[PDB]
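Here the Cβ positions follow ideal geometry from the backbone for every residue, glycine too, while neighbour counts run over all protein chains shown. All of this is worked out from the model, or read from it or from the source named; none is laboratory data.
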Amino acid sequence: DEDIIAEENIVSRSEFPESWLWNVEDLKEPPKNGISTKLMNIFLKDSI
Amino acid sequence: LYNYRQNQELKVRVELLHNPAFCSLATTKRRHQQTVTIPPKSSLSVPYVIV
Amino acid sequence: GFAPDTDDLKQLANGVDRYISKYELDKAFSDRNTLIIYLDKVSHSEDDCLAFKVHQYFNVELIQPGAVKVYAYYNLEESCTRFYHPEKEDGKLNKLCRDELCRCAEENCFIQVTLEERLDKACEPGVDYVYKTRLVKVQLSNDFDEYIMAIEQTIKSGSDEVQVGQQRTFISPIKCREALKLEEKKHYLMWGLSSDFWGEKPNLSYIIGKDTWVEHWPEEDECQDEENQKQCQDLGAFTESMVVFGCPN
Amino acid sequence: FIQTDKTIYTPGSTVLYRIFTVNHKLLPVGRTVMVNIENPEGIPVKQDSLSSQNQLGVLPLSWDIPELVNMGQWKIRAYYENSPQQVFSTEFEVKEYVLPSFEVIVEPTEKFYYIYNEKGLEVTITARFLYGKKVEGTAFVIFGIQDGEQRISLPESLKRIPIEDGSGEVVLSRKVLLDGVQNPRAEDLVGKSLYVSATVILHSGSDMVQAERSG
Amino acid sequence: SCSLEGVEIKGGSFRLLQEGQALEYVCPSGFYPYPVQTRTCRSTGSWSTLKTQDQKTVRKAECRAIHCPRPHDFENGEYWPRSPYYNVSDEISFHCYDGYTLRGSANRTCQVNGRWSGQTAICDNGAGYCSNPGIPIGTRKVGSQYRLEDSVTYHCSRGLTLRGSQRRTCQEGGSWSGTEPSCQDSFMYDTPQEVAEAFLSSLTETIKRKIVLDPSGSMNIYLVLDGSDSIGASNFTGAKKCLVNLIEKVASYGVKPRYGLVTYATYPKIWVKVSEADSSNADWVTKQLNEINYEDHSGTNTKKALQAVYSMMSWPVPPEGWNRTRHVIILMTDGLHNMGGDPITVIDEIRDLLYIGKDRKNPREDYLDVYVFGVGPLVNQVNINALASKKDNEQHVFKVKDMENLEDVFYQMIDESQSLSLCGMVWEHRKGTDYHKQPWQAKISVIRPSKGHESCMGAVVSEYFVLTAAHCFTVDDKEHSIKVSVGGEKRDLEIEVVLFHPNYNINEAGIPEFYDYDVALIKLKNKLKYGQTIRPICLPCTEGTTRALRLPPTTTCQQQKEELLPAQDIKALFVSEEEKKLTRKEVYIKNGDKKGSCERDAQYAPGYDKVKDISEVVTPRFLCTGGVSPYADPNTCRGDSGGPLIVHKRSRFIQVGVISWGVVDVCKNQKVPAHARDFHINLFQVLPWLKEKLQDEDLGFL
Ligand SMILES: *[C@@H]1O[C@H](CO)[C@@H](O)[C@H](O)[C@H]1NC(C)=O
Ligand SMILES: [Mg+2]
């Protein structure tokens, strides 16, 4: 803003895991030519 | 510091927060503040000393 | 704030048995923080080495020490490292202790007076001891310098229990020697916080850090002179006010 | 069938694995199984028994490595309760490390090596960052000779090459290979293999990666 | 002599305390001043510098929104969603990996107080001698060994101060040693309900609740107050009532204690030492307490007072029963800014006498309890924390807002033990429900002919009568339009009669609306059994109301009107219904000289085109509440009208009126105009009709 950006109001990346998403999922969508589709959402980590 | 902009020059400020468990040149009253310039599509290195 | 000289680096690379990367040549002097050299071989009988100049292009206070590291390509865990600094011996940072644990002393020596200032900030909820002492002896050494003092009366006692006639030890860094300007057989009044205690029961010691305040006190015969007569009655009233009334907090 | 999430661990971490059970026709079944964990020497450290009824045939488990533990190769051995004659096994490693930042690939132009070529053997070096951008640095390459449980290093074949945009070329000639061994007759070399080792360093002196191709 | 000009705070007000030597800011609910709340004037005439957590000076006084803390770490799990900061009334859901088990709460939300609602979520495997401690929200944990004789350490982020144990050790049985830390900030206070609940739960044990003693056992209570220059209120006024209430409550359990009273400003002063043979009865100690005076001409020396207590308990061979006695020490310190020595070593030596921590097979841990109460905005949390005791499943440090809250807490404690007879009490436990928080509201649903649904609210005045707004209910409504919902159940109940105000009417003047006397009552023939989730409400100018205001019975109804409705902006609340749940909303009522100003904008209401006299339909009994005076506060709803109006004071809820209508329709845009004002019926004016119709139930109406 009116003040040049100093180092007081910035958050820092912290999460650095090595393996995640150890979940289990089930398919029960009504069939369509024998192919069931499920939609899931995931939140990415803080690594590059 | 990694810069990956095709046509740009950056002048950035770098700070290292202090910690009672370490000893460095940064005390409670005064803290490290460095000003550096990064060439485009490049990297820069800054060293720090710790006890 | 330090940089190598391009001409000397070029001359060194032009020599044999040493190799400098082609990329580092198009690295105009402004950005030359780190340098890397490849050595073909090192003798195991004599010392073969080099040297080069360093220029300064920027003025910065409290300059950090440098670093030099050397190792072999296949084995990385076996390496040698060294430090250096112009005004500091062996590049090691300043710290004072005895073989187990310690803080460091990269700080100042003192803070820097009117009557009301002394009245008010001697009642902070942080300060612990307020004494007046007579300096009995001084001893200089290598790691720090020590003073032995005698206590006349406990104006405001703290956690440590002392009685009149005991002796106390004060530790200080060398850089404060010119700052304090202490001499034999003189009276001072002093107060400090509680974080400065060092050692343990019973060989407690005090540290003259930034927050501790020490002031000279004239001899009793010269409070009739206006040099510090005002301060003489000011501190007398301050002492009797703490002894009789205390402090309004 | 046994699945583990990772391949190499550090002390103080945790190990998570799964077991799948199938019959001859490769369909889910439910029976009783037993699982043992074996240290490098061979003496079991922890054993357990489980049943996989009413789960469609997936068993998740867990273990927690201590802080003061040995190093090397550890084994997991599982078998059915009915027939202890047949066992199934899996391996993993325990060794402290720090995660790298880029990958190195070494490859020749021809898998074989005809002994009558005058160009020797040529290999190429390709290094790349993890997120897709290219890399620069310097590489050291060395060769070797592999016989049945035996390795011989040729000290004369050690080269330094600058890697720019992730591309380096190394060439080995007949003379060095012939002089490295005491066999003037070329036809005696048939039946012995070669391998190459490379090391890549950056221009900032920050990382160190090693890659090896054998056989 | 300090510069008192230019100390205005944006969005709030400020007050001067202790005759120009202190200044204190204030902003409405949902905001907090930055970065300090109270400033003091030093001797030099210079205003004190702004002391933050890290001395962050600002050039203007403003108050900002309340931010709930952001989670730091979570091991073996995942939570949704993520944001840099969480506003008020936001939700977080936890869910963790396969092959583990989750204990605690899965959905957590943070309310206006500043704390997340529920417990801590812990995902565990089940392969250790002693169980997972878990990460409290906001902290960070070091240590990952869960076998015998290991330790775990906690610490949290910047700008936060810890409250609890620093290191925890896995004991022999399988339980940890200490309490679960949860670090707080400056602006979170504790309300009287939780303080009373925690104090009672820690002091006694359950079976009702009775105190447990070994045979030939005894208790020794030591109360330590301070008289330094922090309040200067007459001669220890206010504390006397709290001490008397505590003595009575303790003696009510049929136990024989021995008391001791000390007072310290710079030197200790004993009043009733335990060694006296007359210090074992309540009357004598109360008489001795009722003669405390003042002697100051300042300072603070906690070490000397604690050493005096030590000398009091010291024995000069020990007598019989020293192995079967209990010691309780209550410290009412608002300061603890020590000047003359730290007080930790005294506690260490005191517990060294009793042979507590000097064994491994006989810990003997529960034979010494220390409670600390803190008052005001100058409390130093870190010093308070290190002095009290620390045990699991209990809380031993309390911090309140002001001096009134102490007597509030003790009055609530002394009133909790009463039967279900009294009016308007609320007692919420840790696992309560929505209806437990509001045990009085009832709902009536009607299908009016030639119209859709009609939902209205009401309060349970007594076991026979139900009060509801007369707009909802008309004379032509039959039993098909009479459905009651009380006790938290959908079950209906048969009625006896309905009563309307004789002067209630709705009828060429250009104003087809006439809300005069919007009072309706339903009279039953059924007795209700008072329980947990259902409770009545308490009405003004009644013997019970006088007994529920901590006043002598000489107060008149006019004096009660003045006290409950002074000529000032007065806090009040209405329990609105949102998202199929009930939640309270705060409002400010203006019965002062600004009542005319609040009513000066009544012409903006629709259908008020031909208002000849502004008060011809806006009767003087109307009360104008809500609006933008002085802050933009949401008003009530036309489609949700019917509910009662409740004022909250002395930890008690008192009926004041029934909602009538609002100026404009803006509530239906839920998915606030300045001129939007709420008009309500004052119940003081309708007193004669209720008095003439309430002479049978005998509820002490006077
Ligand atoms: C307390 O008295 C003595 C210690 O002097 C001890 O023998 C006795 O058993 C103790 N009483 C208990 C533990 O109830
Ligand atoms: Mg005080």
Considering each of E:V309, E:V250 in turn, give the residue that is within 31 Å of the chain's Cα centre (by Cα), of a type outside the set (K, R) and away from ligand 1 (no atom under 16 Å from the Cβ).
E:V250
Are any of the residues in the range E:385-399 more than 16 Å from ligand 1 (Cβ to nearest atom), within 14 Å of another protein chain (Cβ to nearest Cβ) and of a type outside the set (F, W, Y)?
yes
Being away from ligand 2 (no atom under 16 Å from the Cβ), within 19 Å of E:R326 (Cβ to Cβ) and outside any helix (DSSP H, G or I): is that true of E:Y259 here?
yes
Residue set D:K134, D:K95; condition of a type outside the set (F, W, Y), in the same structural domain as D:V69 (by CATH) and in contact with a strand residue (DSSP E or B) (Cβ under 7 Å, 6 or more places away or on another chain); output residue D:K95
Can you work out which of the residues in the range E:214-230 that are more than 29 Å from E:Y294 (Cα to Cα) and assigned to a loop (DSSP other than H, G, I, E, B) is nearest to ligand 1 (Cβ to nearest atom)?
E:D214
Mind listing whichever residues of the range D:64-90 are over 27 Å from E:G128 (Cβ atoms) and loosely packed, with under 12 Cβ neighbours inside 10 Å?
D:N82, D:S83, D:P84, D:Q85, D:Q86
Among the residues of the range D:113-144, count how many are closer than 30 Å to C:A72 by Cβ and either polar (S, T, N, Q) or away from every other protein chain (no Cβ under 14 Å) (or both).
11
Is at least one residue of the range A:23-38 assigned to a loop (DSSP other than H, G, I, E, B), surrounded by 10 or more Cβ atoms within 10 Å (Cβ to Cβ) and facing chain E (nearest Cβ under 10 Å)?
yes
Residue pairs within 9 Å by beta carbon, gap of at least six or interchain, first lying in the range E:303-330 and within 14 Å of chain C (Cβ to nearest Cβ), second of a type in the set (S, T, N, Q) and within 16 Å of ligand 2 (Cβ to nearest atom), listed first then second, are E:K303/E:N338; E:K304/E:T266
Within the range D:156-166, the count of residues that are within 14 Å of chain C (Cβ to nearest Cβ) and either surrounded by 14 or more Cβ atoms within 10 Å (Cβ to Cβ) or farther than 14 Å from D:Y195 by Cα (or both) comes to 7
Could you give every pair whose Cβ atoms fall below 7 Å, whose first residue belongs to the range E:332-344 and is closer than 16 Å to E:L225 by Cβ, and whose second residue is crowded, with 20+ Cβ neighbours inside 10 Å and among the aromatic types (F, W, Y), counting only separations of at least 6 or pairs across chains?
E:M332/E:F373
Take E:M332 and decide whether it is within 16 Å of ligand 2 (Cβ to nearest atom) and not small (G, A, S).
yes
Hey, among the residues in the range C:233-249 that are more than 12 Å from C:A122 (Cα to Cα) and outside any loop (DSSP other than H, G, I, E, B), which one's nearest to ligand 1 (Cβ to nearest atom)?
C:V243
A careful count of residues in the range E:620-665 that are assigned to a loop (DSSP other than H, G, I, E, B) and of a type in the set (D, E) gives 2
Among the listed residues E:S46, E:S29, E:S93, identify the single one that is of a type outside the set (V, I, T) and under 29 Å from E:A632 (Cα atoms).
E:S29
Taking the range D:167-210, which residues are within 25 Å of the chain's Cα centre (by Cα), over 18 Å from D:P155 (Cβ atoms) and within 14 Å of another protein chain (Cβ to nearest Cβ)?
D:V200, D:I201, D:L202, D:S206, D:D207, D:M208, D:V209, D:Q210
Residue in the range B:44-51 that is assigned to a loop (DSSP other than H, G, I, E, B), within 13 Å of C:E106 (Cα to Cα) and at the interface with another protein chain (Cβ under 9 Å from one of its Cβ atoms) present:
yes
Does E:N405 count as assigned to a helix (DSSP H, G or I), away from ligand 1 (no atom under 16 Å from the Cβ) and closer than 17 Å to E:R163 by Cα?
no
List, please: which pairs have Cβ atoms under 7 Å, are six or more places apart or on different chains, and start with a residue in the range D:54-73 that is at the interface with chain E (Cβ under 8 Å from one of its Cβ atoms) and end with one that is exposed (fewer than 12 other Cβ atoms within 10 Å of the Cβ)?
D:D64/E:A127
Return the only residue of A:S19, A:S36, A:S12 being under 16 Å from the mean Cα position of the chain (by Cα) and of a type in the set (S, T, N, Q).
A:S19
Would you check if E:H337 is of a type outside the set (K, R), surrounded by fewer than 17 Cβ atoms within 10 Å (Cβ to Cβ), part of a loop (DSSP other than H, G, I, E, B) and within 16 Å of ligand 2 (Cβ to nearest atom)?
no
Selected residue (criterion: nearest to ligand 1 (Cβ to nearest atom)) from residues of the range E:341-355 that are within 14 Å of chain C (Cβ to nearest Cβ) and touching a helix residue (DSSP H, G or I) at 6+ places or on another chain (Cβ under 6 Å):
E:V346
When the range B:1-25 is examined, which residues are found to be at the interface with another protein chain (Cβ under 9 Å from one of its Cβ atoms), aliphatic (A, V, I, L, M) and under 16 Å from C:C104 (Cβ atoms)?
B:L25
Residue in the range E:291-315 that is surrounded by the fewest Cβ atoms within 10 Å (Cβ to Cβ), counting only those that are in a helix (DSSP H, G or I) and within 16 Å of ligand 2 (Cβ to nearest atom):
E:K304
Of all residues in the range C:137-194 being under 20 Å from the mean Cα position of the chain (by Cα) and within 14 Å of chain E (Cβ to nearest Cβ), which is nearest to C:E124 (Cα to Cα)?
C:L193
For D:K6, all conditions in the list (1) loosely packed, with under 15 Cβ neighbours inside 10 Å; (2) in a strand (DSSP E or B); (3) among the basic types (K, R) hold save one; what is the number of the exception?
(2)
Any idea which of C:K175, C:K230, C:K210, C:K185 is away from ligand 2 (no atom under 16 Å from the Cβ) and at positive phi?
C:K185
